[PDB]
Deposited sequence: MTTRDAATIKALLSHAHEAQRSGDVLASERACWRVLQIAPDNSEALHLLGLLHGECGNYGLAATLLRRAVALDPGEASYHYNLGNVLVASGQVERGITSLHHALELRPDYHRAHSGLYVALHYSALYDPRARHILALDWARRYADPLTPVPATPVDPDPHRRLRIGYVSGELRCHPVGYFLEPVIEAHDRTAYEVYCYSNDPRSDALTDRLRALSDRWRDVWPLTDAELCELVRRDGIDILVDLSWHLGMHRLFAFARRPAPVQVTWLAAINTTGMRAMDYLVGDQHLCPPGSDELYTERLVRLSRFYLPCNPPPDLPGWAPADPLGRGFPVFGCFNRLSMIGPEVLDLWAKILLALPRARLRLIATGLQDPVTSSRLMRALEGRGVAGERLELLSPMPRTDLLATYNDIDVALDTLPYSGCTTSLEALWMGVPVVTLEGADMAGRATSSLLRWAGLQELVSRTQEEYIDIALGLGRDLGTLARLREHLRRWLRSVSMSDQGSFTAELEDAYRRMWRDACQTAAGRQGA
């Protein structure tokens, strides 16, 4: 006789895939375990448990589930793809890049692995701006530019009429994207603009409920094809469509590829070009996007004369403590951003201030394997591993509150942080950064320059060290900077929401004028 197993597995395996596509993680996981109880060499279920734990941040389990899936079926490109992403996210950038290469070698038309690879390069100093640029263009040429028509003249090209703005993202939720979009959506001038949001992910938390309520129109987009989304955007009559996700998120750039709107913009998540002809504008700022940078972008750079994001803090802000070995340095950035280049500098700072402690908080630090590897990485640079204190990730306000126990924040290179740096300043903690010759290494350099704190902005790695040393020694400059931030916080709490979105609206208007104008 034979067994009904194969049928039971298949029903569990499709149920598991539905559960994960709809957002129900705990249900997809338990179904994957049920498959492995019956058939523990099932590489499809190993793989899916791999993804889910990778999304949850358990990179230790994730990686070994995905490596076992690779061993059982090494020809399957998607198993290599997802292993590469886990490895990059865990801090092992070069090992992940290799895995991403394998996925492309096995399936040369893998558009998600090609993006992932493009993204991954920004976490490594080994790939210059020319290499990243080329790979992006290569992607666009393959998957985007074939779909793109020539720019048509806008419908009802009235330079002064009320404009419809469409925000397209798959991280409209408790997430940097959602955090910076909320103020913009609330403060948009309804006399001159109308706000459509296109949510490209099913996860709907308290912030999505707020974004939905603040939007004029909503639209849940994840179940639609790119062609279906295009005919939806066209029917809504969107004048300016905005890519909030970029290559880093659950984007919808093949819908953008077709030019459903006459003005198409990438903003907020972008750290480099999309590579696409179909993207007209990228919205940055004057410090963020350096003078000779434009040749690196298919989009036209829009250098706003303020910081490229709204800096007003949330209402539920923990509020500052009276302060409290000194000094405690801090870096609450993703592990992908903490590689060999940064660790070399952080070690040199810790040798020169032999009592100072470094405090990292990120996803993956719950696993002993990844915290051990980080401790050992520092000991190899002559720094005792006990001086390094690693913490598992926390809720937003709980994390904000732990800045009270930090004297100075350190920013990553070559991929500069952004929202962690802003969060630090909100809690009266100064941030030391390197200004890279590169948009991806300038999110903090810009922020700091626009907030008056140019003295915390190094142009060289040895200057980075010196600034961090200077702050660890002098209590006075710390108390000066803590007050500068107290005044800045209040100023930004009051004006910055409306001040920013007016400057952005000014940019949207000039994009629109120019679209109508050149039809004459």
property	result
Deposited-sequence segments unaccounted for in the coordinates	325 to 328, 525 to 529
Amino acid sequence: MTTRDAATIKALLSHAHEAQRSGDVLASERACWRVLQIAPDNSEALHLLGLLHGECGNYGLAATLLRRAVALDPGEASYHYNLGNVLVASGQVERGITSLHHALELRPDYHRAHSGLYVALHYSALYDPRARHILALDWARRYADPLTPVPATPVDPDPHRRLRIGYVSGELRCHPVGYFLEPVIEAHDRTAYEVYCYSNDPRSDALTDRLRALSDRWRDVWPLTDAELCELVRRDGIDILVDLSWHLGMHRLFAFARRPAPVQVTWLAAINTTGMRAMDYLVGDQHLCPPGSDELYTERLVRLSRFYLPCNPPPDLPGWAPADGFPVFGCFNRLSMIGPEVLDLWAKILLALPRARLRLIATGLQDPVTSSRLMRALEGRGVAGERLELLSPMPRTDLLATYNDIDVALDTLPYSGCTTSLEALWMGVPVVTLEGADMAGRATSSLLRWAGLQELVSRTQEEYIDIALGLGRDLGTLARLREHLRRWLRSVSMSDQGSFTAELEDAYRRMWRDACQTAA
From here on, numbers count along this sequence of modelled residues.
| item | value |
| --- | --- |
| Entry-level comparison of average CA B-factors, 314 to 322 and 233 to 241, reporting the higher stretch | 314 to 322 |
| Comparing 29 to 37 with 57 to 65, the one whose average Cα B-factor in the PDB entry is higher | 29 to 37 |
| Most elevated Cα B-factor in the entry, residues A437, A278, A187, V265 | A437 |
| CA B-factor ranking of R480, expressed as a third of its chain | lowest |
| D201, C-alpha B-factor rank within chain (lowest, middle or highest third) | middle |
| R300 CA temperature factor, ranked by third within the chain | middle |
| Cα B factor band for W512 (lowest, middle or highest third within the chain) | highest |
| Chain-wide C-alpha B factor ranking for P223, given as lowest, middle or highest third | highest |
